[PDB]
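Novice: Got a file for you: upload-v4.txt, compact mmCIF, N, CA, C and O atoms and all ligand atoms.
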```txt
# COMPACT_ATOMS: atom_id res chain seq x y z
N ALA K 1 -98.16 99.66 -83.85
CA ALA K 1 -98.40 98.42 -83.11
C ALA K 1 -99.83 97.92 -83.24
O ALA K 1 -100.76 98.71 -83.08
N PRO K 2 -100.02 96.63 -83.55
CA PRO K 2 -101.34 96.03 -83.34
C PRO K 2 -101.69 96.16 -81.86
O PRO K 2 -100.83 96.04 -80.98
N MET K 3 -102.95 96.46 -81.59
CA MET K 3 -103.36 96.76 -80.23
C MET K 3 -104.71 96.14 -80.01
O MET K 3 -105.57 96.18 -80.88
N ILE K 4 -104.90 95.53 -78.85
CA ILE K 4 -106.24 95.14 -78.50
C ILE K 4 -106.62 95.86 -77.21
O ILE K 4 -105.78 96.30 -76.42
N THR K 5 -107.92 96.00 -77.02
CA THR K 5 -108.46 96.67 -75.85
C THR K 5 -108.66 95.68 -74.71
O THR K 5 -109.27 94.62 -74.89
N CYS K 6 -108.07 95.99 -73.56
CA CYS K 6 -108.25 95.16 -72.37
C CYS K 6 -109.73 95.08 -72.04
O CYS K 6 -110.41 96.11 -71.97
N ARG K 7 -110.27 93.86 -71.88
CA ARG K 7 -111.70 93.75 -71.57
C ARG K 7 -112.03 94.10 -70.13
O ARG K 7 -113.21 94.22 -69.78
N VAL K 8 -111.05 94.36 -69.29
CA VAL K 8 -111.32 94.68 -67.89
C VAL K 8 -111.25 96.17 -67.62
O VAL K 8 -112.09 96.72 -66.92
N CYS K 9 -110.17 96.83 -68.02
CA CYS K 9 -109.97 98.24 -67.73
C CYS K 9 -109.97 99.13 -68.96
O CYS K 9 -109.87 100.34 -68.83
N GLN K 10 -109.99 98.56 -70.16
CA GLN K 10 -110.03 99.23 -71.45
C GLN K 10 -108.73 99.91 -71.85
O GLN K 10 -108.74 100.68 -72.80
N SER K 11 -107.64 99.70 -71.14
CA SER K 11 -106.32 100.10 -71.61
C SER K 11 -105.96 99.37 -72.90
O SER K 11 -106.42 98.27 -73.18
N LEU K 12 -105.10 99.98 -73.68
CA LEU K 12 -104.68 99.34 -74.90
C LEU K 12 -103.53 98.40 -74.60
O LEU K 12 -102.63 98.73 -73.82
N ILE K 13 -103.60 97.20 -75.16
CA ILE K 13 -102.57 96.20 -74.94
C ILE K 13 -101.81 96.06 -76.26
O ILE K 13 -102.40 95.85 -77.32
N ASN K 14 -100.52 96.25 -76.22
CA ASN K 14 -99.69 96.04 -77.40
C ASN K 14 -99.51 94.56 -77.64
O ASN K 14 -98.92 93.86 -76.80
N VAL K 15 -99.97 94.07 -78.78
CA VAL K 15 -99.89 92.65 -79.05
C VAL K 15 -98.86 92.31 -80.13
O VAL K 15 -98.92 91.23 -80.71
N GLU K 16 -97.88 93.19 -80.37
CA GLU K 16 -96.78 92.84 -81.27
C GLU K 16 -96.03 91.59 -80.81
O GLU K 16 -95.46 91.56 -79.71
N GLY K 17 -95.99 90.59 -81.66
CA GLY K 17 -95.34 89.35 -81.34
C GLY K 17 -96.13 88.45 -80.43
O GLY K 17 -95.63 87.39 -80.07
N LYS K 18 -97.36 88.81 -80.09
CA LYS K 18 -98.14 88.02 -79.16
C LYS K 18 -99.40 87.45 -79.78
O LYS K 18 -100.16 86.77 -79.08
N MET K 19 -99.63 87.68 -81.07
CA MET K 19 -100.88 87.21 -81.68
C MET K 19 -101.00 85.69 -81.74
O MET K 19 -102.08 85.18 -82.03
N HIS K 20 -99.92 84.95 -81.45
CA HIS K 20 -100.01 83.50 -81.34
C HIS K 20 -100.59 83.04 -80.00
O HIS K 20 -100.88 81.85 -79.84
N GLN K 21 -100.75 83.93 -79.02
CA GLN K 21 -101.19 83.52 -77.69
C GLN K 21 -102.69 83.33 -77.66
O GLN K 21 -103.41 83.83 -78.52
N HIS K 22 -103.16 82.58 -76.66
CA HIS K 22 -104.60 82.47 -76.47
C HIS K 22 -105.12 83.73 -75.74
O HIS K 22 -106.22 84.20 -76.04
N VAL K 23 -104.33 84.26 -74.81
CA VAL K 23 -104.71 85.42 -74.02
C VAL K 23 -103.52 86.36 -73.93
O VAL K 23 -102.36 85.97 -74.05
N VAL K 24 -103.80 87.63 -73.70
CA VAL K 24 -102.74 88.58 -73.43
C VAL K 24 -103.01 89.25 -72.09
O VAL K 24 -104.16 89.45 -71.70
N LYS K 25 -101.94 89.52 -71.34
CA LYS K 25 -102.00 90.27 -70.08
C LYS K 25 -101.96 91.78 -70.30
O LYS K 25 -101.24 92.32 -71.14
N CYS K 26 -102.85 92.45 -69.61
CA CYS K 26 -102.85 93.89 -69.50
C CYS K 26 -101.89 94.29 -68.39
O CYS K 26 -102.04 93.85 -67.24
N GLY K 27 -100.94 95.16 -68.72
CA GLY K 27 -99.99 95.63 -67.73
C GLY K 27 -100.58 96.60 -66.76
O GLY K 27 -100.05 96.77 -65.67
N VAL K 28 -101.70 97.22 -67.11
CA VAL K 28 -102.33 98.19 -66.23
C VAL K 28 -103.13 97.51 -65.12
O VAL K 28 -102.93 97.83 -63.94
N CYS K 29 -104.08 96.61 -65.46
CA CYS K 29 -104.95 96.04 -64.43
C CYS K 29 -104.49 94.66 -64.00
O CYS K 29 -105.08 94.09 -63.10
N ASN K 30 -103.50 94.11 -64.66
CA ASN K 30 -102.95 92.77 -64.49
C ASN K 30 -103.95 91.65 -64.72
O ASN K 30 -103.84 90.57 -64.15
N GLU K 31 -104.88 91.85 -65.62
CA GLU K 31 -105.81 90.81 -65.96
C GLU K 31 -105.59 90.34 -67.40
O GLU K 31 -104.93 90.99 -68.22
N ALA K 32 -106.18 89.19 -67.72
CA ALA K 32 -106.00 88.60 -69.03
C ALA K 32 -107.23 88.88 -69.90
O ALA K 32 -108.37 88.87 -69.44
N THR K 33 -106.98 89.17 -71.15
CA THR K 33 -107.99 89.23 -72.20
C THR K 33 -107.78 88.16 -73.24
O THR K 33 -106.65 87.96 -73.70
N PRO K 34 -108.83 87.44 -73.64
CA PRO K 34 -108.70 86.41 -74.67
C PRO K 34 -108.52 87.01 -76.04
O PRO K 34 -109.17 87.98 -76.38
N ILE K 35 -107.60 86.42 -76.79
CA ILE K 35 -107.27 86.74 -78.17
C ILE K 35 -107.79 85.67 -79.12
O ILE K 35 -107.88 85.92 -80.33
N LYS K 36 -108.01 84.46 -78.65
CA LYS K 36 -108.55 83.40 -79.48
C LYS K 36 -109.76 82.82 -78.79
O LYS K 36 -109.99 83.06 -77.61
N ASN K 37 -110.52 82.01 -79.54
CA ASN K 37 -111.57 81.24 -78.91
C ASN K 37 -110.93 80.32 -77.89
O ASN K 37 -109.78 79.90 -78.05
N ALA K 38 -111.66 80.06 -76.82
CA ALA K 38 -111.29 78.99 -75.90
C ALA K 38 -111.11 77.73 -76.75
O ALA K 38 -111.78 77.56 -77.80
N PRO K 39 -110.24 76.82 -76.33
CA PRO K 39 -110.12 75.54 -77.05
C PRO K 39 -111.45 74.83 -77.10
O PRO K 39 -112.35 75.14 -76.29
N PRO K 40 -111.61 73.92 -78.06
CA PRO K 40 -112.90 73.24 -78.23
C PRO K 40 -113.40 72.58 -76.97
O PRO K 40 -112.66 71.89 -76.26
N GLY K 41 -114.68 72.77 -76.71
CA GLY K 41 -115.35 72.21 -75.58
C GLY K 41 -115.20 73.01 -74.32
O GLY K 41 -115.69 72.58 -73.29
N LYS K 42 -114.60 74.18 -74.42
CA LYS K 42 -114.33 75.11 -73.35
C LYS K 42 -114.89 76.45 -73.77
O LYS K 42 -115.16 76.67 -74.96
N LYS K 43 -115.08 77.32 -72.79
CA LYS K 43 -115.50 78.68 -73.01
C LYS K 43 -114.83 79.57 -71.96
O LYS K 43 -114.60 79.17 -70.82
N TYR K 44 -114.54 80.79 -72.33
CA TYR K 44 -113.96 81.74 -71.39
C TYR K 44 -115.09 82.38 -70.60
O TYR K 44 -116.16 82.66 -71.16
N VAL K 45 -114.89 82.54 -69.30
CA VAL K 45 -115.86 83.13 -68.38
C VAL K 45 -115.13 84.25 -67.63
O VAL K 45 -114.05 84.01 -67.11
N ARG K 46 -115.71 85.48 -67.59
CA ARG K 46 -115.14 86.58 -66.79
C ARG K 46 -115.81 86.63 -65.41
O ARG K 46 -117.02 86.86 -65.32
N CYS K 47 -115.08 86.33 -64.35
CA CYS K 47 -115.59 86.53 -63.02
C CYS K 47 -115.83 88.01 -62.75
O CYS K 47 -115.09 88.88 -63.24
N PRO K 48 -116.85 88.31 -61.94
CA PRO K 48 -116.97 89.65 -61.40
C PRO K 48 -115.72 90.16 -60.71
O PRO K 48 -115.52 91.39 -60.71
N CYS K 49 -114.86 89.31 -60.16
CA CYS K 49 -113.61 89.84 -59.60
C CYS K 49 -112.60 90.32 -60.67
O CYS K 49 -111.56 90.87 -60.30
N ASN K 50 -112.86 90.07 -61.95
CA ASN K 50 -112.14 90.38 -63.16
C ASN K 50 -111.28 89.22 -63.63
O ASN K 50 -110.72 89.32 -64.69
N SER K 51 -111.20 88.11 -62.90
CA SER K 51 -110.37 86.98 -63.31
C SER K 51 -110.98 86.29 -64.52
O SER K 51 -112.18 86.10 -64.61
N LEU K 52 -110.16 85.98 -65.49
CA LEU K 52 -110.56 85.20 -66.63
C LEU K 52 -110.48 83.73 -66.25
O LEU K 52 -109.42 83.24 -65.85
N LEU K 53 -111.59 83.02 -66.42
CA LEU K 53 -111.73 81.61 -66.08
C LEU K 53 -112.04 80.84 -67.36
O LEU K 53 -112.50 81.40 -68.36
N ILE K 54 -111.74 79.54 -67.31
CA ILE K 54 -112.12 78.53 -68.30
C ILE K 54 -113.18 77.63 -67.68
O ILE K 54 -113.08 77.29 -66.49
N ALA K 55 -114.24 77.34 -68.44
CA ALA K 55 -115.29 76.43 -68.03
C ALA K 55 -115.52 75.45 -69.16
O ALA K 55 -115.22 75.75 -70.33
N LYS K 56 -116.04 74.28 -68.83
CA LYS K 56 -116.55 73.44 -69.89
C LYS K 56 -117.83 74.07 -70.44
O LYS K 56 -118.56 74.73 -69.73
N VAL K 57 -118.12 73.79 -71.72
CA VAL K 57 -119.40 74.26 -72.28
C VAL K 57 -120.60 73.52 -71.69
O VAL K 57 -121.73 74.00 -71.76
N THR K 58 -120.38 72.39 -71.05
CA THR K 58 -121.47 71.74 -70.34
C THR K 58 -121.61 72.21 -68.89
O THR K 58 -122.54 71.77 -68.20
N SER K 59 -120.70 73.06 -68.40
CA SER K 59 -120.75 73.44 -67.00
C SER K 59 -121.90 74.40 -66.76
O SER K 59 -122.09 75.35 -67.53
N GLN K 60 -122.66 74.15 -65.69
CA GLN K 60 -123.73 75.06 -65.28
C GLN K 60 -123.22 76.10 -64.28
O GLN K 60 -123.68 77.24 -64.27
N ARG K 61 -122.23 75.74 -63.50
CA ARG K 61 -121.71 76.63 -62.49
C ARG K 61 -120.22 76.37 -62.46
O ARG K 61 -119.76 75.23 -62.61
N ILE K 62 -119.48 77.43 -62.23
CA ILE K 62 -118.06 77.38 -62.01
C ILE K 62 -117.80 78.26 -60.81
O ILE K 62 -118.52 79.23 -60.59
N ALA K 63 -116.84 77.86 -59.99
CA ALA K 63 -116.37 78.68 -58.88
C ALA K 63 -115.10 79.39 -59.29
O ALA K 63 -114.25 78.83 -59.96
N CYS K 64 -114.97 80.61 -58.90
CA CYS K 64 -113.70 81.30 -59.09
C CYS K 64 -112.68 80.81 -58.08
O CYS K 64 -113.02 80.60 -56.92
N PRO K 65 -111.45 80.68 -58.48
CA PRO K 65 -110.44 80.21 -57.53
C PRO K 65 -109.72 81.27 -56.72
O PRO K 65 -109.06 80.96 -55.72
N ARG K 66 -109.76 82.53 -57.17
CA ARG K 66 -108.97 83.55 -56.51
C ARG K 66 -109.26 83.53 -55.01
O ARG K 66 -110.43 83.52 -54.61
N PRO K 67 -108.25 83.51 -54.15
CA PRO K 67 -108.55 83.37 -52.72
C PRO K 67 -109.44 84.47 -52.19
O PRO K 67 -110.28 84.23 -51.31
N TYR K 68 -109.26 85.69 -52.69
CA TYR K 68 -110.05 86.83 -52.25
C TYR K 68 -111.46 86.81 -52.81
O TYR K 68 -112.24 87.72 -52.53
N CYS K 69 -111.79 85.85 -53.67
CA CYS K 69 -113.06 85.87 -54.38
C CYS K 69 -113.90 84.65 -54.03
O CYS K 69 -114.90 84.81 -53.35
N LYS K 70 -113.57 83.48 -54.54
CA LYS K 70 -114.26 82.23 -54.30
C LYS K 70 -115.72 82.34 -54.67
O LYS K 70 -116.54 81.55 -54.22
N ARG K 71 -116.02 83.24 -55.59
CA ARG K 71 -117.39 83.45 -56.05
C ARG K 71 -117.92 82.29 -56.87
O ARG K 71 -117.19 81.66 -57.62
N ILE K 72 -119.22 82.05 -56.76
CA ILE K 72 -119.95 81.12 -57.60
C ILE K 72 -120.50 81.89 -58.78
O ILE K 72 -121.10 82.95 -58.61
N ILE K 73 -120.36 81.33 -59.98
CA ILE K 73 -120.81 81.97 -61.20
C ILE K 73 -121.83 81.05 -61.84
O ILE K 73 -121.52 79.90 -62.14
N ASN K 74 -123.04 81.55 -62.02
CA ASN K 74 -124.11 80.79 -62.65
C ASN K 74 -124.01 81.01 -64.15
O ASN K 74 -124.28 82.11 -64.64
N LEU K 75 -123.61 79.97 -64.86
CA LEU K 75 -123.42 80.06 -66.30
C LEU K 75 -124.72 79.77 -67.05
O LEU K 75 -124.71 79.65 -68.28
N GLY K 76 -125.85 79.68 -66.34
CA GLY K 76 -127.13 79.56 -66.98
C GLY K 76 -128.27 79.57 -65.98
O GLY K 76 -128.07 79.32 -64.79
N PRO K 77 -129.47 79.90 -66.46
CA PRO K 77 -130.68 79.72 -65.64
C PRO K 77 -130.97 78.24 -65.41
O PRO K 77 -130.51 77.36 -66.14
N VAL K 78 -131.72 78.00 -64.34
CA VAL K 78 -132.06 76.67 -63.87
C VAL K 78 -133.59 76.58 -63.87
O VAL K 78 -134.29 77.58 -64.05
N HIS K 79 -134.11 75.38 -63.62
CA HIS K 79 -135.53 75.20 -63.43
C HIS K 79 -135.83 74.95 -61.97
O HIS K 79 -134.93 74.67 -61.17
N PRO K 80 -137.09 75.08 -61.56
CA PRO K 80 -137.42 74.97 -60.14
C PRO K 80 -137.26 73.54 -59.67
O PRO K 80 -137.11 72.60 -60.46
N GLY K 81 -137.29 73.39 -58.35
CA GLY K 81 -137.35 72.08 -57.72
C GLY K 81 -136.07 71.74 -57.01
O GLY K 81 -135.96 70.74 -56.28
ZN ZN H 1 -106.53 96.14 -68.20
ZN ZN H 2 -113.39 85.80 -59.04
```
Using structure tokens, write down the structure that the file contains.
Specialist:
Amino acid sequence: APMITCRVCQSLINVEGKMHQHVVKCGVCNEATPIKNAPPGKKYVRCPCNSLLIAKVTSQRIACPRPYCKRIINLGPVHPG
């Protein structure tokens, strides 16, 4: 089996028949790992809660949506003021 490593828990994910997907689900931790680049103008962001998020490449901050999380993610440094 073609296998990719889950980016969250490092379990092996069997990707037979799934290489056409953008992401694959890990059955162990129930999180998604990206298999392709985010679509153009987007980037994949991993929340500290382990949720895989999509952001625009122009986004400076994204909020996680998971109800238990709602974390703010700083996708870059800022300047003072
Ligand atoms: Zn996993
Ligand atoms: Zn989160």
Novice: Here's a test: counting only N, CA, C and O atoms, identify every protein, DNA and RNA residue with an atom at most 5 Å from (-106.4, 80.1, -76.9) in the file's coordinate frame, and state them as a count of residues only.
Specialist: 4
Novice: For residue 77 in chain K, list every protein, DNA or RNA residue within 12 Å, evaluated using only C-alpha atoms, and leave out those in the same chain fewer than 4 positions away; present the list as a PDB file with N, CA, C and O atoms, keeping the file's coordinate frame.
Specialist:
```pdb
ATOM      1  N   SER K  59    -120.700  73.060 -68.400  1.00  0.00           N
ATOM      2  CA  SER K  59    -120.750  73.440 -67.000  1.00  0.00           C
ATOM      3  C   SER K  59    -121.900  74.400 -66.760  1.00  0.00           C
ATOM      4  O   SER K  59    -122.090  75.350 -67.530  1.00  0.00           O
ATOM      5  N   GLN K  60    -122.660  74.150 -65.690  1.00  0.00           N
ATOM      6  CA  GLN K  60    -123.730  75.060 -65.280  1.00  0.00           C
ATOM      7  C   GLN K  60    -123.220  76.100 -64.280  1.00  0.00           C
ATOM      8  O   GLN K  60    -123.680  77.240 -64.270  1.00  0.00           O
ATOM      9  N   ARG K  61    -122.230  75.740 -63.500  1.00  0.00           N
ATOM     10  CA  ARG K  61    -121.710  76.630 -62.490  1.00  0.00           C
ATOM     11  C   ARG K  61    -120.220  76.370 -62.460  1.00  0.00           C
ATOM     12  O   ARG K  61    -119.760  75.230 -62.610  1.00  0.00           O
ATOM     13  N   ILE K  73    -120.360  81.330 -59.980  1.00  0.00           N
ATOM     14  CA  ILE K  73    -120.810  81.970 -61.200  1.00  0.00           C
ATOM     15  C   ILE K  73    -121.830  81.050 -61.840  1.00  0.00           C
ATOM     16  O   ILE K  73    -121.520  79.900 -62.140  1.00  0.00           O
TER      17      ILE K  73
END
```
Novice: Once you count all atoms listed in the file, which residues end up within 8 Å of ligand ZN 1 (chain H), and could you hand them over as a list in words?
Specialist: residues 5, 6, 7, 8, 9, 10, 11, 12, 13, 24, 25, 26, 27, 28, 29, 30, 31, 32 and 33 of chain K
Novice: Name the residues, by chain letter and number, that sit within 7 Å of ligand ZN 2 (chain H) using all atoms listed in the file, and give them as a tab-separated table (two decimals) with N, CA, C and O atoms, in the frame of the given file.
Specialist:
```
chain	number	residue	atom	x	y	z
K	46	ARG	N	-115.71	85.48	-67.59
K	46	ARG	CA	-115.14	86.58	-66.79
K	46	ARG	C	-115.81	86.63	-65.41
K	46	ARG	O	-117.02	86.86	-65.32
K	47	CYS	N	-115.08	86.33	-64.35
K	47	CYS	CA	-115.59	86.53	-63.02
K	47	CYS	C	-115.83	88.01	-62.75
K	47	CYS	O	-115.09	88.88	-63.24
K	48	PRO	N	-116.85	88.31	-61.94
K	48	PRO	CA	-116.97	89.65	-61.40
K	48	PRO	C	-115.72	90.16	-60.71
K	48	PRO	O	-115.52	91.39	-60.71
K	49	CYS	N	-114.86	89.31	-60.16
K	49	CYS	CA	-113.61	89.84	-59.60
K	49	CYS	C	-112.60	90.32	-60.67
K	49	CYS	O	-111.56	90.87	-60.30
K	50	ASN	N	-112.86	90.07	-61.95
K	50	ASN	CA	-112.14	90.38	-63.16
K	50	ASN	C	-111.28	89.22	-63.63
K	50	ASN	O	-110.72	89.32	-64.69
K	51	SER	N	-111.20	88.11	-62.90
K	51	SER	CA	-110.37	86.98	-63.31
K	51	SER	C	-110.98	86.29	-64.52
K	51	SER	O	-112.18	86.10	-64.61
K	63	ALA	N	-116.84	77.86	-59.99
K	63	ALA	CA	-116.37	78.68	-58.88
K	63	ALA	C	-115.10	79.39	-59.29
K	63	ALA	O	-114.25	78.83	-59.96
K	64	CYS	N	-114.97	80.61	-58.90
K	64	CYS	CA	-113.70	81.30	-59.09
K	64	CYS	C	-112.68	80.81	-58.08
K	64	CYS	O	-113.02	80.60	-56.92
K	65	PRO	N	-111.45	80.68	-58.48
K	65	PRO	CA	-110.44	80.21	-57.53
K	65	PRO	C	-109.72	81.27	-56.72
K	65	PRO	O	-109.06	80.96	-55.72
K	66	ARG	N	-109.76	82.53	-57.17
K	66	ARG	CA	-108.97	83.55	-56.51
K	66	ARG	C	-109.26	83.53	-55.01
K	66	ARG	O	-110.43	83.52	-54.61
K	68	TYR	N	-109.26	85.69	-52.69
K	68	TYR	CA	-110.05	86.83	-52.25
K	68	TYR	C	-111.46	86.81	-52.81
K	68	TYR	O	-112.24	87.72	-52.53
K	69	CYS	N	-111.79	85.85	-53.67
K	69	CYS	CA	-113.06	85.87	-54.38
K	69	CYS	C	-113.90	84.65	-54.03
K	69	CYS	O	-114.90	84.81	-53.35
K	70	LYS	N	-113.57	83.48	-54.54
K	70	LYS	CA	-114.26	82.23	-54.30
K	70	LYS	C	-115.72	82.34	-54.67
K	70	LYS	O	-116.54	81.55	-54.22
K	71	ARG	N	-116.02	83.24	-55.59
K	71	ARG	CA	-117.39	83.45	-56.05
K	71	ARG	C	-117.92	82.29	-56.87
K	71	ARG	O	-117.19	81.66	-57.62
```
Novice: List every residue of chain K that DSSP, applied to the backbone, labels as strand (DSSP E or B), and write the result as a PyMOL selection string.
Specialist: chain K and resi 3-5+12-14+23-25+32-34+42-46+52-56+61-63+72-74
Novice: What is the CA of residue 41 in chain K to CA of residue 79 in chain K distance in Å?
Specialist: 23.7 Å
Novice: Measure the distance from atom C of residue 20 in chain K to atom O of residue 56 in chain K in Å and round it to one decimal.
Specialist: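 Interatomic distance here is 22.3 Å.
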Novice: Is it possible to get the residues within 7 Å of (-111.3, 75.7, -71.0) (coordinates as in the file, counting only C-alpha atoms) written as a ChimeraX atom specification?
Specialist: /K:38-39,42-44,54-56
Novice: Quick one: distance from atom N of residue 19 in chain K to atom O of residue 57 in chain K in Å, one decimal?
Specialist: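 These two atoms are separated by 27.6 Å.
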